[PDB]
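Below is one structure, written out as structure tokens; comments come after it.
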Amino acid sequence: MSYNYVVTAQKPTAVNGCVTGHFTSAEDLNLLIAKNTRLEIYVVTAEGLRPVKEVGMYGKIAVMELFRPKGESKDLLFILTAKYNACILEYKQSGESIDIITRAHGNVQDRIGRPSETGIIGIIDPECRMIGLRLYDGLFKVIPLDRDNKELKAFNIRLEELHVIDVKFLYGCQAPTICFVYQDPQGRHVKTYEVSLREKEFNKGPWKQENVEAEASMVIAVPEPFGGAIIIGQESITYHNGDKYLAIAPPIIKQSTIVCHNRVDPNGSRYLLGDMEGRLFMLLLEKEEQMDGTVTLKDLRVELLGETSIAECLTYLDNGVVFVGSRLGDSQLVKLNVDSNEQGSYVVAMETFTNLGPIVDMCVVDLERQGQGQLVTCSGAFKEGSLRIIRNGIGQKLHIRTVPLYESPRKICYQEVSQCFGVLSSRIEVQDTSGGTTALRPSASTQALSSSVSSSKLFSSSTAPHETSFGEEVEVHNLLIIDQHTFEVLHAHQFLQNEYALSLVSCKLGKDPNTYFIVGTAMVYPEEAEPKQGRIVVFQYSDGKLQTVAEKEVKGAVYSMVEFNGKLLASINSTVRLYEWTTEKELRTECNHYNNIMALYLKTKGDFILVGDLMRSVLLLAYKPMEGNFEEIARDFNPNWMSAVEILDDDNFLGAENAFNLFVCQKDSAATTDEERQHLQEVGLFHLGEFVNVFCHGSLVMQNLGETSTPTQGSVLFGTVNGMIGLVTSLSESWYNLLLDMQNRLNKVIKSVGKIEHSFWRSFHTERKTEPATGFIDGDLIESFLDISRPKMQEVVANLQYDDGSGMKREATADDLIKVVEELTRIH
Amino acid sequence: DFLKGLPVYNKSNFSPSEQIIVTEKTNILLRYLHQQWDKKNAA
Amino acid sequence: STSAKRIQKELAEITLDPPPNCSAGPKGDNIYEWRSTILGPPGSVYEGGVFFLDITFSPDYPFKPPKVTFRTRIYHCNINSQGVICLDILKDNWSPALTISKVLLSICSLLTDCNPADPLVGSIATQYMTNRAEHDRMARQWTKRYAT
Amino acid sequence: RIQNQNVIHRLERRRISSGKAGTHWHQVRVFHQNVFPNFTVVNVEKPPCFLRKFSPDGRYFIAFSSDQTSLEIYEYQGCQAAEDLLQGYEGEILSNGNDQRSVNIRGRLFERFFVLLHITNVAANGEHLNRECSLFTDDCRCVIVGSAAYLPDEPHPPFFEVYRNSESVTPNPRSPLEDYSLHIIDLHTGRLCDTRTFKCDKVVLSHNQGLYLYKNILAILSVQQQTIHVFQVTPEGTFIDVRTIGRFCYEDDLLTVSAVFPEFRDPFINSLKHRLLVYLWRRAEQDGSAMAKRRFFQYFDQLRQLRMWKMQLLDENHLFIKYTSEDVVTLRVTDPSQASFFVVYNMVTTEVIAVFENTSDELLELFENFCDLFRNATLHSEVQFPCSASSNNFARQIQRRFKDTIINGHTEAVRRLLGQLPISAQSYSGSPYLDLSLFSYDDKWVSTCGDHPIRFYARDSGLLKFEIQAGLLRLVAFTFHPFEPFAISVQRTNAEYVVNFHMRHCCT
């Protein structure tokens, strides 16, 4: 029934994990970067970071470690995906051909087991004897590394401590040993166990039970000769080795939270550290040498180095160069210098790497009126927030222009008449001892050409001013007007205290010819489970002046809003309301629909309203002009957690689930009973691997004129938390069957890295159901058909009948398929 | 004083699945019972 | 009761010296109701399997032979479905000279080989001499399939 | 306490970070601390049926009519279909007063949530469906129900029919034998997939005590005949015979003997019981001492009469049987005074892997260290979120408190803590509001009447979130929806059928 086509326009840019080692050869130094489903291999060399090979896997890389067992010239790579497709990879280069060989492969999922809150953790014994894995609570999977044996018998081991945060393999121990930190009713503790392979249990370790800082969230295993481990908390750093114990609580650390670390010296003397604010630290392990040759640790020292993009993973490469991998911001390549600059910072940035994600919202607009849309995104977060003007073509394909904001953007829309962008944002200010709040850094809002503050008393002092404890972060939201040419902050309106702006619209209402900016907010309080108050403010921007045309008090939070045929459609908590723009310039209620749990996402086409719920999936509504109320036409009974919705056609409705899955609901045209017509049937299923955040009709390619018979109909872009930008189209049944048949043939020709089945990769998967993909075509797989060798192409076309457009299928030929794919590959 | 002499790998720094991983089919509780049973035969 | 007076003494010697592949024990303090645990003698076609034997000592003992019944289904050349074995030692030929200890070994030895001179099932005798092969593999299976 | 208690913070934080790999499952589960059934409705009118349970996927609701001959299938419409009626109502309760508006909804609330789909009549020969018997297949496509029919007092059944083995039980006067039947019904269409019959047995349909389903393997314990029937559930919902455990352990046992000995008539003990006897013998052989030899034969008679009472599948090929005295299994004596022997048996290999006495501390160590594997609940979800002594630290603490409370009787403690084992199939609900990780409460209120309202406290902050009362401001039964915020509390007094609905209302 439904036949859709999914392709990727911008591969993900966020960095999940980074590891360095000897992979290509024993003499080269390699840097490996994991970007969700993409593995990048770089060679640390004089000229920079030479790319070698970029490999995309059929999974979300969740673990990546390098190890070299005995008898191996160069290291081996072990990767575990979020679907538990464990594998062990080897790098082989034959002449100019570069290949990745899967030495071992297999799935290690347990059908019974509670996934751990802290996520997947992978560890390898320093001697390359076993591989630990902390997937499910209460179990510690192991994988012995018998070179000779052909069946690597992975076995789980009972683990008494259920809430384990971090676990590591210690150094300099005769038998494999693990140190980990776990939580329990008494607090947080650090414990050690010895792994006995044959008996298959844990043996008492050489340490003792201890009680540590409740925020302890990371463990570093110091190599020889120190041994022991380092425990990093929110306000302390400690060293444990037998009975040796050290503690430091520098005041500098508490200002942020450490979330990454890396070893510089093989002896473990110098350690890097990064925190949320972007500050980069250095941990020093000072050693005192005894007269009997025993190395004893003297003391710790933490010294600030500078500032960098908010770091997710650090990796010291060589000669004082550090690679900073960031999700929220661009990934940097900094230089550590012997002498600080005038500002006392030893960090010098050498290069920066583009990172669109996390895309939080976007709008497709045509600045040049030439038919070429220029996607504008609300990228980044915190000090990395910015606007990326993604323009296709040259004038490689994607040209990105960055407009830093130094604060998190949330929403965006374009007002053509005013030639400006309306953008929401939220900087962070700390409650100063003076009773007010002070911005931590200058941002776009504080550097506005003109400024204004909302002056309204709709919310009296009935709510008591709670304990404004000094030092507690507070979010302050503003509406920024941004020019479409120079991208300056023409105006910056600020909202009330504890008021969050959630939705933004720019539309004409009713007979009024004036355009407006409409904002839906919500008075948020930390101790309140849900917002019980909100507002809808109508702003007008004229001649560089912003006017608060009218306000409106609502009993909830305005999660979403949309213009509905000259009327304002707004969702308030569990309600969907329709407003009218009276001649007195006020909003008047027209009709309601209270049958939702939480109406988060709204979309409209004609008189139909598509409502996305927090947990109850999609719901279709209609407006009755003669009766002036809502008729609940149909709904979906599959309880999906939604994160975005869109209306592809009048009959097909697209949604995105929380577990990185897409699905397509359809209206039951075969239903006879009125009850059967009230069910929405699911015709599409697909595992995308990305958390889609927004849909927006549009296309970056010039709109072809007169080509209404193109293989594809429609165009929907969507942005993900990882920076991926994908395009969705509908297909005729004849083409869907042709490509579906081609899709299966390809899987028999192309060997997937890790020997992971494509059908398993794209299989719909949630906590409730797991089904194979239906009604979707993986565009990425089809495009790969071009890059394979010609004789490989001939294999697919064998014994396959193809329709040359005359209505009958003749013997297919590769060149014929080339033309089909070439049209498909040019639609993005 | 503490940033000096950083590691240098090179002065020119910047200017056929042979094995299969199979999880044990038997559930863990059963494995404990089975393994304890085999001790009786030895004893 | 001569049986009780005699058997009480015989318990000390037999329990102190449990014969190989043949063992038993009393129930409580009574003598008229006993049980025994018999193990397939090594090298026997029923080797390995353990057979529970119902053993009853009558008050008229020893002037009458001991009552023997198999509580385990065994395809034997001397015993029928009721688990009763009829050998002169277990018949009127019985004499008071024999004691509860000897019978096990006589039974234990008898398990190794038939007594086709007076068999309780003729089909074995034809199979016992003509083609014992059918009688062994199946005999192995029975103990493997029941006593295991 | 994290300042993320508000929904907005969680919603915004979710748009910029999907979390560490494999953590996204818990990113959503915390929303249950923001969405909960804060509103209650008292004394809702309902059809004259008997409510049973939700389906594991929470789409269908099953009830039994007052004639205990037809199965009512209701479709759940969601916990948001009664918000239109309640607009303008505040507070946490809605008293069943006198206003016409409240009466209008009360007579309309039940039909709003539940929609009648099918009513299938299965019993046709005087049988009556058991209210407490219900099982859902792994795929949730089909449901399994059983019907029982008391046998007439006269004429007495034939001896060779009532008694089919030497270890058969003697029926007690209070519970005469019955003729049982098991039915598999497709929930979507109501068709009767297949039915199997059992004649002259005593099977406890109530609470599925005599039944257990693991994935697609179904086991039935026939207490009267000390026999276990095992069936394989096809995707079509059609029963397939697997094998029968009892006097014979191999399906071909009867075939071989029939040719040689075509034949209560046989004094040979059961093949299964022999294996249990071997194990107790070989274990007693290791000690060698006359004492161990003395005890084995002394209690041989007492041990030989042991009878099966319960069972449960540890896997597709292992059975965890429970043994007890013949008197107790017929409900005449108290078990605690009688030693109960737990046995693990392999169906295909046919040996007794282990045997634990009632006071076996080794078994207790396994139970608390593997409570998740014994419970085998929420098997219908690939990503399970079990709550138990072996899955949550706070759940474990309650286990220690009970044991420590009794000690401060070590042996008696072991006695009662094993009374629950073996567990009944599909007895636990995967309700997140019952999850101990997210919420805190006392497990005693729901698994005599608790006079206090049940309070749910969020674990992150320790604050109260919602209350549940099941009475008019004496047996109380709660039935939470598997995931959505909806719960039914039924209060029974003599013949009163009091129903209260607990659902989420956005206080306006």
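Convention: chains lettered A, B, ... in structure tokens order; per-chain residue numbering from 1; ligands numbered from 1 as shown.
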Mind dumping a table of every chain B residue within 10 Å of chain D, with the nearest atom pair and its distance in Å to one decimal, using only C-alpha atoms, sorted by chain and rising number, as a tab-separated table?
```
residue	atom	partner	partner_atom	distance
B:26	CA	D:315	CA	8.6
B:27	CA	D:315	CA	7.9
B:28	CA	D:370	CA	8.6
B:29	CA	D:370	CA	6.7
B:30	CA	D:314	CA	8.2
B:32	CA	D:366	CA	8.8
B:33	CA	D:354	CA	6.7
B:34	CA	D:353	CA	6.6
B:35	CA	D:353	CA	9.7
B:36	CA	D:354	CA	8.6
B:37	CA	D:353	CA	6.3
B:38	CA	D:353	CA	9.4
B:40	CA	D:283	CA	7.9
B:41	CA	D:282	CA	9.7
B:43	CA	D:286	CA	7.5
```
Create the file for the chosen residues now, containing N, CA, C and O atoms and written as an mmCIF file, in the first residue's frame.
```cif
data_model
loop_
_atom_site.group_PDB
_atom_site.id
_atom_site.type_symbol
_atom_site.label_atom_id
_atom_site.label_comp_id
_atom_site.auth_asym_id
_atom_site.auth_seq_id
_atom_site.Cartn_x
_atom_site.Cartn_y
_atom_site.Cartn_z
ATOM 1 N N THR B 26 22.325 -22.694 27.141
ATOM 2 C CA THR B 26 21.718 -22.906 28.445
ATOM 3 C C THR B 26 21.667 -21.606 29.239
ATOM 4 O O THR B 26 22.599 -20.798 29.220
ATOM 5 N N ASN B 27 20.557 -21.414 29.943
ATOM 6 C CA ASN B 27 20.398 -20.262 30.812
ATOM 7 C C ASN B 27 21.313 -20.391 32.031
ATOM 8 O O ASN B 27 21.711 -21.488 32.432
ATOM 9 N N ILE B 28 21.653 -19.241 32.618
ATOM 10 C CA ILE B 28 22.723 -19.198 33.614
ATOM 11 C C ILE B 28 22.381 -20.065 34.820
ATOM 12 O O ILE B 28 23.222 -20.831 35.306
ATOM 13 N N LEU B 29 21.153 -19.955 35.330
ATOM 14 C CA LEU B 29 20.763 -20.770 36.477
ATOM 15 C C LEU B 29 20.961 -22.250 36.179
ATOM 16 O O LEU B 29 21.486 -23.000 37.009
ATOM 17 N N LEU B 30 20.550 -22.685 34.988
ATOM 18 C CA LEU B 30 20.735 -24.079 34.606
ATOM 19 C C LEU B 30 22.212 -24.447 34.577
ATOM 20 O O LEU B 30 22.597 -25.535 35.022
ATOM 21 N N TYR B 32 24.572 -23.371 36.399
ATOM 22 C CA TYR B 32 25.013 -23.634 37.763
ATOM 23 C C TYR B 32 24.586 -25.029 38.204
ATOM 24 O O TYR B 32 25.376 -25.769 38.801
ATOM 25 N N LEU B 33 23.338 -25.408 37.919
ATOM 26 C CA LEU B 33 22.870 -26.737 38.300
ATOM 27 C C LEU B 33 23.628 -27.825 37.552
ATOM 28 O O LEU B 33 24.036 -28.828 38.148
ATOM 29 N N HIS B 34 23.826 -27.648 36.245
ATOM 30 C CA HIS B 34 24.536 -28.656 35.464
ATOM 31 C C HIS B 34 25.966 -28.823 35.960
ATOM 32 O O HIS B 34 26.443 -29.947 36.151
ATOM 33 N N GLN B 35 26.667 -27.708 36.179
ATOM 34 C CA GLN B 35 28.060 -27.786 36.605
ATOM 35 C C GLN B 35 28.181 -28.447 37.971
ATOM 36 O O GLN B 35 29.085 -29.261 38.197
ATOM 37 N N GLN B 36 27.281 -28.113 38.897
ATOM 38 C CA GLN B 36 27.285 -28.777 40.197
ATOM 39 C C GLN B 36 27.032 -30.270 40.043
ATOM 40 O O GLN B 36 27.614 -31.087 40.766
ATOM 41 N N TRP B 37 26.166 -30.645 39.099
ATOM 42 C CA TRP B 37 25.879 -32.058 38.874
ATOM 43 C C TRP B 37 27.127 -32.817 38.443
ATOM 44 O O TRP B 37 27.378 -33.932 38.916
ATOM 45 N N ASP B 38 27.923 -32.233 37.545
ATOM 46 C CA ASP B 38 29.102 -32.931 37.045
ATOM 47 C C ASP B 38 30.096 -33.226 38.161
ATOM 48 O O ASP B 38 30.889 -34.169 38.050
ATOM 49 N N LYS B 40 29.297 -34.345 41.094
ATOM 50 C CA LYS B 40 28.875 -35.597 41.714
ATOM 51 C C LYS B 40 29.481 -36.795 40.995
ATOM 52 O O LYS B 40 29.921 -37.756 41.637
ATOM 53 N N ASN B 41 29.513 -36.758 39.661
ATOM 54 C CA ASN B 41 30.121 -37.852 38.911
ATOM 55 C C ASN B 41 31.596 -38.000 39.258
ATOM 56 O O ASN B 41 32.091 -39.118 39.441
ATOM 57 N N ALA B 43 32.985 -36.975 42.082
ATOM 58 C CA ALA B 43 33.047 -37.367 43.486
ATOM 59 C C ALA B 43 32.536 -38.790 43.679
ATOM 60 O O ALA B 43 31.613 -39.228 42.991
#
```
| query | Quick one: which residues from chain C are at most 7 Å off chain D, using only C-alpha atoms, as a count of residues only? | reply | 10
| Taking only C-alpha atoms into account, what are the residues of chain B at most 7 Å from chain A, put as a PyMOL selection string? | chain B and resi 3-4+6-9+12-15+17-24
| said: Need the shell around residue 53 of chain D: protein/DNA/RNA residues with any atom at most 9 Å away, counting only C-alpha atoms. Skip same-chain ones fewer than 6 positions apart. Format as a ChimeraX atom specification? | reply: /D:60-63,134,479-480
| request: Identify all residues of segment 6-130 of chain C in strand (DSSP E) (DSSP on the backbone) and supply them as a ChimeraX atom specification. | output: /C:22-27,30-39,50-56,67-70
Could you take the residues named above and write them with N, CA and C atoms, as a compact mmCIF listing (two decimals), in the first residue's frame?
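Printed below is result_37.txt as written:
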```txt
# COMPACT_ATOMS: atom_id res chain seq x y z
N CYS C 22 26.17 -55.53 45.09
CA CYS C 22 24.99 -56.09 45.75
C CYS C 22 24.94 -55.51 47.16
N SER C 23 23.88 -54.76 47.46
CA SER C 23 23.72 -54.12 48.75
C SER C 23 22.25 -54.05 49.12
N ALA C 24 21.99 -53.85 50.41
CA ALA C 24 20.63 -53.78 50.92
C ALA C 24 20.66 -53.18 52.32
N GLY C 25 19.47 -53.04 52.90
CA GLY C 25 19.34 -52.52 54.24
C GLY C 25 17.96 -52.74 54.83
N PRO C 26 17.84 -52.62 56.16
CA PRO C 26 16.54 -52.83 56.80
C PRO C 26 15.64 -51.61 56.69
N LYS C 27 14.35 -51.83 56.93
CA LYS C 27 13.39 -50.76 57.14
C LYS C 27 13.10 -50.66 58.64
N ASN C 30 11.55 -53.43 61.89
CA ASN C 30 10.86 -54.62 61.44
C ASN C 30 11.74 -55.44 60.49
N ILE C 31 11.47 -56.75 60.45
CA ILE C 31 12.18 -57.66 59.56
C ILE C 31 11.31 -58.18 58.43
N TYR C 32 9.99 -58.27 58.63
CA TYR C 32 9.10 -58.80 57.61
C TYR C 32 8.98 -57.89 56.40
N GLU C 33 9.51 -56.68 56.47
CA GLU C 33 9.45 -55.73 55.37
C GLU C 33 10.80 -55.05 55.23
N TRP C 34 11.51 -55.38 54.15
CA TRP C 34 12.84 -54.86 53.85
C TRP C 34 12.90 -54.42 52.39
N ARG C 35 13.91 -53.61 52.08
CA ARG C 35 14.21 -53.21 50.71
C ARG C 35 15.70 -53.41 50.45
N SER C 36 16.07 -53.44 49.17
CA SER C 36 17.46 -53.64 48.79
C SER C 36 17.76 -52.87 47.51
N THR C 37 19.02 -52.48 47.37
CA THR C 37 19.51 -51.76 46.20
C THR C 37 20.56 -52.61 45.50
N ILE C 38 20.25 -53.06 44.29
CA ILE C 38 21.12 -53.94 43.52
C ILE C 38 21.66 -53.17 42.33
N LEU C 39 22.96 -53.29 42.09
CA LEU C 39 23.65 -52.60 41.01
C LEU C 39 24.10 -53.62 39.97
N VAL C 50 20.88 -49.42 38.23
CA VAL C 50 20.64 -49.79 39.63
C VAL C 50 19.19 -50.22 39.75
N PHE C 51 18.97 -51.37 40.37
CA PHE C 51 17.64 -51.97 40.47
C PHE C 51 17.25 -52.09 41.94
N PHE C 52 16.07 -51.57 42.27
CA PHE C 52 15.51 -51.70 43.61
C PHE C 52 14.81 -53.05 43.72
N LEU C 53 15.12 -53.79 44.78
CA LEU C 53 14.59 -55.13 44.98
C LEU C 53 13.71 -55.15 46.22
N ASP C 54 12.47 -55.63 46.06
CA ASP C 54 11.57 -55.81 47.18
C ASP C 54 11.85 -57.16 47.83
N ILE C 55 12.27 -57.12 49.09
CA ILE C 55 12.69 -58.31 49.82
C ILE C 55 11.89 -58.41 51.11
N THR C 56 11.20 -59.53 51.29
CA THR C 56 10.37 -59.78 52.46
C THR C 56 10.85 -61.05 53.14
N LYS C 67 11.28 -64.21 50.02
CA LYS C 67 10.39 -63.67 48.99
C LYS C 67 11.14 -62.56 48.26
N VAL C 68 11.27 -62.70 46.94
CA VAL C 68 12.01 -61.77 46.11
C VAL C 68 11.10 -61.26 45.00
N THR C 69 11.10 -59.94 44.81
CA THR C 69 10.36 -59.31 43.73
C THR C 69 11.14 -58.11 43.20
N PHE C 70 11.20 -58.00 41.88
CA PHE C 70 11.83 -56.86 41.23
C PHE C 70 10.83 -55.72 41.12
```
What are the closest atom pairs, with distances in Å to one decimal, for each residue of chain D lying within 8 Å of chain A, using only C-alpha atoms, rows by chain and rising residue number, as JSON lines?
```
{"residue": "D:3", "atom": "CA", "partner": "A:526", "partner_atom": "CA", "distance": 5.4}
{"residue": "D:4", "atom": "CA", "partner": "A:526", "partner_atom": "CA", "distance": 6.8}
{"residue": "D:5", "atom": "CA", "partner": "A:529", "partner_atom": "CA", "distance": 6.2}
{"residue": "D:6", "atom": "CA", "partner": "A:529", "partner_atom": "CA", "distance": 4.8}
{"residue": "D:7", "atom": "CA", "partner": "A:530", "partner_atom": "CA", "distance": 5.8}
{"residue": "D:8", "atom": "CA", "partner": "A:524", "partner_atom": "CA", "distance": 7.6}
{"residue": "D:15", "atom": "CA", "partner": "A:360", "partner_atom": "CA", "distance": 6.3}
{"residue": "D:16", "atom": "CA", "partner": "A:358", "partner_atom": "CA", "distance": 5.4}
{"residue": "D:17", "atom": "CA", "partner": "A:721", "partner_atom": "CA", "distance": 6.7}
{"residue": "D:18", "atom": "CA", "partner": "A:691", "partner_atom": "CA", "distance": 7.2}
{"residue": "D:20", "atom": "CA", "partner": "A:119", "partner_atom": "CA", "distance": 5.6}
{"residue": "D:21", "atom": "CA", "partner": "A:119", "partner_atom": "CA", "distance": 5.4}
{"residue": "D:22", "atom": "CA", "partner": "A:119", "partner_atom": "CA", "distance": 4.8}
{"residue": "D:23", "atom": "CA", "partner": "A:119", "partner_atom": "CA", "distance": 4.8}
{"residue": "D:24", "atom": "CA", "partner": "A:659", "partner_atom": "CA", "distance": 7.3}
{"residue": "D:25", "atom": "CA", "partner": "A:659", "partner_atom": "CA", "distance": 7.8}
{"residue": "D:26", "atom": "CA", "partner": "A:117", "partner_atom": "CA", "distance": 6.4}
{"residue": "D:28", "atom": "CA", "partner": "A:641", "partner_atom": "CA", "distance": 7.9}
{"residue": "D:34", "atom": "CA", "partner": "A:529", "partner_atom": "CA", "distance": 5.6}
{"residue": "D:57", "atom": "CA", "partner": "A:768", "partner_atom": "CA", "distance": 7.6}
{"residue": "D:59", "atom": "CA", "partner": "A:637", "partner_atom": "CA", "distance": 7.8}
{"residue": "D:77", "atom": "CA", "partner": "A:637", "partner_atom": "CA", "distance": 7.9}
{"residue": "D:79", "atom": "CA", "partner": "A:597", "partner_atom": "CA", "distance": 7.8}
{"residue": "D:80", "atom": "CA", "partner": "A:595", "partner_atom": "CA", "distance": 5.0}
{"residue": "D:81", "atom": "CA", "partner": "A:595", "partner_atom": "CA", "distance": 5.5}
{"residue": "D:82", "atom": "CA", "partner": "A:595", "partner_atom": "CA", "distance": 7.2}
{"residue": "D:83", "atom": "CA", "partner": "A:595", "partner_atom": "CA", "distance": 5.6}
{"residue": "D:84", "atom": "CA", "partner": "A:594", "partner_atom": "CA", "distance": 5.4}
{"residue": "D:369", "atom": "CA", "partner": "A:160", "partner_atom": "CA", "distance": 7.9}
{"residue": "D:379", "atom": "CA", "partner": "A:112", "partner_atom": "CA", "distance": 7.9}
{"residue": "D:380", "atom": "CA", "partner": "A:768", "partner_atom": "CA", "distance": 7.8}
{"residue": "D:381", "atom": "CA", "partner": "A:768", "partner_atom": "CA", "distance": 5.2}
{"residue": "D:382", "atom": "CA", "partner": "A:111", "partner_atom": "CA", "distance": 5.8}
{"residue": "D:383", "atom": "CA", "partner": "A:767", "partner_atom": "CA", "distance": 4.8}
{"residue": "D:384", "atom": "CA", "partner": "A:114", "partner_atom": "CA", "distance": 5.9}
{"residue": "D:385", "atom": "CA", "partner": "A:114", "partner_atom": "CA", "distance": 5.0}
{"residue": "D:386", "atom": "CA", "partner": "A:114", "partner_atom": "CA", "distance": 6.5}
{"residue": "D:390", "atom": "CA", "partner": "A:138", "partner_atom": "CA", "distance": 7.3}
{"residue": "D:391", "atom": "CA", "partner": "A:162", "partner_atom": "CA", "distance": 6.6}
{"residue": "D:392", "atom": "CA", "partner": "A:162", "partner_atom": "CA", "distance": 6.5}
{"residue": "D:393", "atom": "CA", "partner": "A:184", "partner_atom": "CA", "distance": 6.2}
{"residue": "D:394", "atom": "CA", "partner": "A:185", "partner_atom": "CA", "distance": 7.2}
{"residue": "D:506", "atom": "CA", "partner": "A:574", "partner_atom": "CA", "distance": 7.1}
{"residue": "D:508", "atom": "CA", "partner": "A:555", "partner_atom": "CA", "distance": 6.9}
```
| field | d(atom CA of residue 74 of chain A, atom CA of residue 129 of chain A) in Å | value |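 Rounded to one decimal, the two atoms are 16.3 Å apart.
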| request: Would you list the contacts of residue 99 of chain C as a PyMOL selection string, taking every protein, DNA or RNA residue within 9 Å and counting only C-alpha atoms, but skipping same-chain residues closer than 5 positions in sequence? | output: chain C and resi 7+10+62
| query | Tell me, which residues of chain B carry DSSP helix (DSSP H, G or I), written as a list in words? | reply | residues 28, 29, 30, 31, 32, 33, 34, 35, 36, 37, 38, 39, 40, 41 and 42 of chain B
| field | Close residues, residue 448 of chain D itself excluded, 12 Å, only C-alpha atoms, min 3 positions apart in chain, as a list in words | value |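 Within the cut-off, the hits are residues 444, 445, 451, 452, 474, 475 and 476 of chain D.
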| task | For residue 137 of chain D, list every protein, DNA or RNA residue within 8 Å, evaluated using only C-alpha atoms, and leave out those in the same chain fewer than 5 positions away; present the list as a ChimeraX atom specification. | result | /D:142-144,213,215-216
| task | For atom CA of residue 501 of chain D and atom CA of residue 610 of chain A, determine how far apart the two atoms are, in Å to one decimal place. | result | 29.1 Å
| task | Just give me the gap between atom CA of residue 794 of chain A and atom CA of residue 756 of chain A in Å, one decimal is fine. | result |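 Separation of atom CA of residue 794 of chain A and atom CA of residue 756 of chain A: 23.8 Å.
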If you count only C-alpha atoms, which residues fall within 10 Å of residue 443 of chain D, apart from same-chain ones fewer than 4 positions away, as a PDB file with N, CA and C atoms, in the first residue's frame?
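Generated output (part07.pdb):
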```pdb
ATOM      1  N   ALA D 395      14.699  -3.566  45.630  1.00  0.00           N
ATOM      2  CA  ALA D 395      13.925  -4.797  45.737  1.00  0.00           C
ATOM      3  C   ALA D 395      14.644  -5.816  46.611  1.00  0.00           C
ATOM      4  N   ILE D 398      14.242  -5.241  50.531  1.00  0.00           N
ATOM      5  CA  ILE D 398      13.019  -5.776  51.122  1.00  0.00           C
ATOM      6  C   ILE D 398      13.174  -7.266  51.396  1.00  0.00           C
ATOM      7  N   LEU D 434       4.522   0.199  38.970  1.00  0.00           N
ATOM      8  CA  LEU D 434       4.914  -0.777  39.975  1.00  0.00           C
ATOM      9  C   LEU D 434       6.421  -0.980  40.030  1.00  0.00           C
ATOM     10  N   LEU D 436      10.089  -0.624  40.937  1.00  0.00           N
ATOM     11  CA  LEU D 436      10.681  -0.054  42.140  1.00  0.00           C
ATOM     12  C   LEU D 436      11.729   0.999  41.815  1.00  0.00           C
ATOM     13  N   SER D 447       0.481  -7.291  45.438  1.00  0.00           N
ATOM     14  CA  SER D 447       1.513  -8.223  45.004  1.00  0.00           C
ATOM     15  C   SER D 447       1.799  -8.048  43.517  1.00  0.00           C
TER      16      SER D 447
END
```
